[PDB]
């Protein structure tokens, strides 16, 4: 009975780690995107 | 006769070539035909000058604002 | 046609009955999609 | 973002060569996997990610498997021009063919090869972060394409579950034919494909030959021409995932808009500006002209006439220089036409997509260069005529149990013929009932 | 941080040639013992010290002895390319072999050669300031390896006491075989390995042959390939002593983490990125992929399947560009798997090590160049199956005294067969009992 | 609580040997009738009583009689390994066989032996306190099984009345055959069996041969394999009476649930996890997979195809680690299928049973060890085809009176053949009538 | 995917010699056995017919059998004879005497074990074995009797492979041997049970091909054996070269045989034209298809116009469009619709291979399953019944050991084969 709860625990942990990784990648890409827009304007 | 199941116009000729080799050769994969034509020399020089000037002014502004 | 025997006649009769049943089920088909009004 | 392609048998591998030639030339990947960038400043766009993954050294390798039971065509790919592009594990080949027998592919021979294929697909799925479906290319006329395609789709459907499976399938042409046993293999394939596929795209070689004779001026076409047209269609449908646009369309939106009931998933396909280079510069090619073109039966890649049926849903993909106002004016004009009819339960019949990237031109190709194109996928009751003709040919041949001893010898029960034929009969009657006007109100 | 290597018999000397070739090329010592300086200004660096000692003139000489009863292979080393690297006294050779008789090696012939070997091992141990173990390479299938290896380990155990002894042992393969009398020698080798070693890693040539056929593309491998793989494994395990890293692991940590009870010290070994040069440029090799590889049975260097048993402890060594967070994520993913099981009394089943030096590439080698690798040593109850097959073959031959007169003639009592067979039977019962769940609570 | 087993003739006694071997090994009694000296019998409970009675000294003896007309097989039982288990009075043997003549058994020879059998059954029945049926094992193809089985069932049916009598019956396979006169004996047997049996389960040896070829890996099966399968089936069906469970099933509920009309009492049997000891260890096999398996024709132990008929009632026995929610989900999924059809008067078609004791493994056996199994008994109109073909073979032989003079010499009026043949014709018409939709005209 | 060839009797050894000359030429193998080709396309399937001997050499996977070594000395003396492996020549010391019973029962059982040993040595060397291919005449003595004996033994030992035969049958106009009908009848009885697919050739049809199409003034057996070797090497071409629509012997059998006993086929090869006329007409798909169905170019005496096609197969070699092939096969099926059995919706299979035979722009080999083959068997059965009523030469066969019951069984089986073809000719849907 405890095995199902433990498997759910690893599943939830993996999901939340994936979401945080995606958010960090989005921020890092966005910075360079808007910087090169500014350079094109100049 | 030696011409049974053969042609006397061009005997001793074997056409060792497949369809795919003719159809998907290296000529069809060349990317040089998809590039737009290059600019003139004057425009290239001016492009380099303008890019360098923009880089310098952006770097100067960033240094001035963030010190 | 080959010579008529007991086993051949039995096989032909059973096989024809099988074919008739299959055809009857093909022509008597009922639907499966639910287009009925709620 | 990513999609995985599965190529089965002879048609699927040969169509794969044209598809990967197109995707390489459209992204700019060289035959050895390298991208010859012109500048180091800036960064390389992510659009390749849908079809390629890069190694740490920057080489690209594609997300595809090629499946065959005979080695010859895959060995030709191994020895051809794109040798360095594909990973050698992805090109899987057996020793001997399924000899036009669905039973030999499904029960006896495909059962040995299927576990290696599933291991390769697993190795691909572990190297993804947003897989959103499988695309499958195969022909249902041959033995290994039908048998191994069905068995493999069954295993993926159990292992991956909800993930979508969209098929491009080459069916037996209505009067051009290549083998005697085509009806048995096509019926038995269609029985498995009915339960385990979300959208099925229908193709007929006779239609693409007619299209290449009438619009292009080619008197003696060969399979490379048809495969290049199919590759263009796949590039148009998948462009919505890869480039910027006004109205994007995710593959789940495709499935949601085109399929009204879970069994009604067979769709017609057409492509508009099929034109030669010499004709293209004498005529304008406005949005309304290509929109008028996609509804004529001369544009279709399947031999069926939609005037004998009713449309249920249409999905229109525009790529290139198009403005939404012109799409709206075109669709309103089509809706005015009297020879185009929709079932009365489907009032909002259209889905639109608009992408900014115009179609690419291939050096040895026969299509002209054009700034815009439209591609249509549509669900229509007219497809019932294709099944009726295959089932009629089956009934004439099955009345004498023609060739049946091969199928019974290779491992299949005789009952499977009757089950599949009864299921296809029920699908034909389903298309009869769904298309019946609701004149009765209780 | 010094270690002394002892090579016994034919397999041990031939594996020693590959090991010392690799350690020389990895540190950079030329075959003549000189290290060519690269920078004119700066310290000389000191990493060889684990395996080499330098003279005051700067020549390097290695910390090894080569032991054999037949002269041919050692005379070939004396006449080969590395003649000047070894000190000539270190290469010890007798006059005649032990003729596949453990009794001949232990009682009759090894007693003459053993005292020179003990004098050389003593002279090495006196030239140390930090010693952390003896590494021993031998095969238990042959006469001199079994008999002289046992006698020398007994003498070392009395003279050196607490110092650790780690053995790499070639055990008789489960169906590939080379000599008829292998079971008797392997059984008699048991007690020597049970009470006179701290951890013994067992290897079978049939597994390394399978690994070289499946992963590398070699149709006709020979012993130089297997010996190069063993040398790579030893280099990976000893790298933690020689180069900088995030998490170092001293040789005593292996014994502390891998051995639960003093007799339960037999471990399985596997290596992950065994890959060819043509495949290596088509694939990325991330931490999670190689971590998944070491647990697949296709990767092991011993012919046993761990799915038929339970793991008690695992030690994972990562070398190269790896980050600890990725190692933790990989180990958590392995822990999630349902086909990997640990005994319930071992909750923290893993020990990790991370070193920055990537694996070296050997000019004539067959492995590709890769940026990262992982090596595993693990203790599992599945190992009990190897002993059961050795016991069955011994019982078949011993039931009719098939060859006993040779052993009794060379000096051994018939009682020794029954005693050794009962000790290995008790070891089998120990592995049955340790793996039994504690379902009984009092 | 109590049940009495009656074994008749050769097939019934040989199947009985396997049954009592299995029931002995499942409870844990030794071949001499004594409980092991090491068992603690923690339940301290009377589980044996369904099949065994204990002596005051604690010896067990089983509630069975073995009836045969030839001595050899029963003398084999008397001299075999279980010699001490049976009471010598229980093993009853006549002088000479019924020579494949129903007439010889019924009229000439069985009339002498029948009063001893009835006296033995009486001696058993007075020493019971909650008897709930008789189990009968016989073949209808042979002389003593037909004639004495009918005569004994008639006498039992008059004397005991309402008490249930359950038969396990081996009918002559439709093309494998062992004797020429099988149709006559089977028709004459079936005439008596229709009136005087409460449920009859049908088996064909060619089907069990097919099942052992496809699922098990046996190239050369023999009757002992079939008998081990039969013993497993009987143990599965009667385990629900004998051990604790979630949903118990007494033998009297079967007749109420399975039999719609008093003549319609012939049922089909099949068994799911037929797998060999060497392989199939990897597949755990969920409830829904084995439920899907029991409906495939490769799983049945009788050669009939249910796709050519309609089910009237099903009884599904699940044994092992199963949870009721999974049984409910499986049965609802089966009910969803389109190739499975029930007669419209039976909407609630299913009975379920769930028992916790997993199936026992026999040391010499050929089935693997598995955690769960499912067993099926089902009522279907397809059975009508077996009788019609037997009747055709009877008509073919009887048209020329091919053997009748033997039967007439042994005592029968010619009218008795025609009466029985007309009654079986009426049984055919009953199976025609029950399958009639019979819409309500108005 | 390797094929093993068997050559039996005088005709078989001579046709085999010409076949192996054609195959060695197509793959650029020197008469010394050295590979001298100029493209990898030639090398990549050389394994199909050749085994590799040390330092470059190739040896042909063939078994040669005869009862007197005269023929073996003739083939060994030929221009390509050296290529054959010496251990592959099996011979006895006395002839078959044109008698089926001697070849099957007396010298057959004496030599057969050495042939089975050689065939097993050759079969077990392949990594994956495809079917066997056998060429022999039915009218001879050792070819018919020992060929059918060996066919029965190989069918017992390798029941899962394919068995394909090329066979020469006696002409209706001139006999080469008086007792031809007995040997033919017994051989057809053996073949219908053992074979998977059998092709039949009449020498009269090759003479009519030579006289009308090639206009040769003085043809010789070398020309007839060249036409046969050309078609034989053509049937396997899709197995050993790339193409747009690959094909295989099993796939041909699956598409050609509707019922298992109906495995007797007609053969044809299209590009035949005299050396004077050939400069005046170019090759094209309409010309090949028109010649393909013209009865002058068919290798049997029976004419298609008296029967109907159940199935047919066409294998094309050369670079060509699929549109012309499919539309030509549709046009021929529509225009001659009365000659095709109506309960099969499409009777013709097409296949395309990229590499044509040397010296031809394009080529096709045609295999046809037509009920007019029944006419050949009836004529042989007539001659058999004429001799048997009078016991014309039976004492030779009975003295060797034959039961007269064997003759009545073979007559009954051949009569049933003719009847089944005739019944399928006049079948209807009803």
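Chains here go by letter, A, B, C, D, E, F and G, matching the order in which they are written, and residues are numbered from 1 within each.
Simple rule for what comes next: a contact is a pair of C-beta atoms (placed from the backbone, for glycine too) under 8 Å apart; a residue touches a chain by one contact, two chains touch by 3 or more.
Enquirer: Which chain has its Cα centroid closest to the overall Cα centroid?
Expert: Chain nearest the overall C-alpha centroid, as shown: D.
Enquirer: Could you tell me which pair, C-D or A-B, is linked by more C-beta pairs in contact?
Expert: Ranking A-B and C-D by C-beta contacts puts C-D first.
Enquirer: Centre to centre, by mean C-alpha position, how many angstrom separate chain A and chain G?
Expert: Roughly 70 Å separates the two chain centres.
Enquirer: Just how far, in Å, is the C-alpha centre of chain D from the one of chain A?
Expert: The computed centroid separation for chain A versus chain D comes out at 34 Å.
Enquirer: Suppose each chain is reduced to the average of its Cα coordinates; what separation in Å results between chain D and chain G?
Expert: 43
Enquirer: Got the chain D residues that touch at least 2 other chains?
Expert: In chain D, 76, 222, 426 touch at least two other chains.
Enquirer: Among the residues of chain A, pick out those that touch two or more other chains and give their numbers.
Expert: none
Enquirer: Residues of chain B that touch two or more other chains: which are they?
Expert: In chain B, the residues touching two or more other chains are 18-20.
Enquirer: What does chain C use to touch chain D in their complex?
Expert: 22, 25-26, 29-35, 37
Enquirer: State the interface residues of chain D toward chain C in the complex, per the touch definition above.
Expert: 261, 263-264, 418, 421-422, 425-426, 429-430, 433-434, 442
Enquirer: So in the complex, the part of chain D that touches chain F is made up of which residues?
Expert: Chain D residues touching chain F: 413, 415, 419, 423, 426.
Enquirer: Help me check something: in the complex, which residues belonging to chain F touch chain D?
Expert: So the residues of chain F in touch with chain D come to 297, 305, 307, 338-339.
Enquirer: In the complex, go through chain A and note every residue touching chain B.
Expert: On the chain A side, the touching residues are 38-39, 42.
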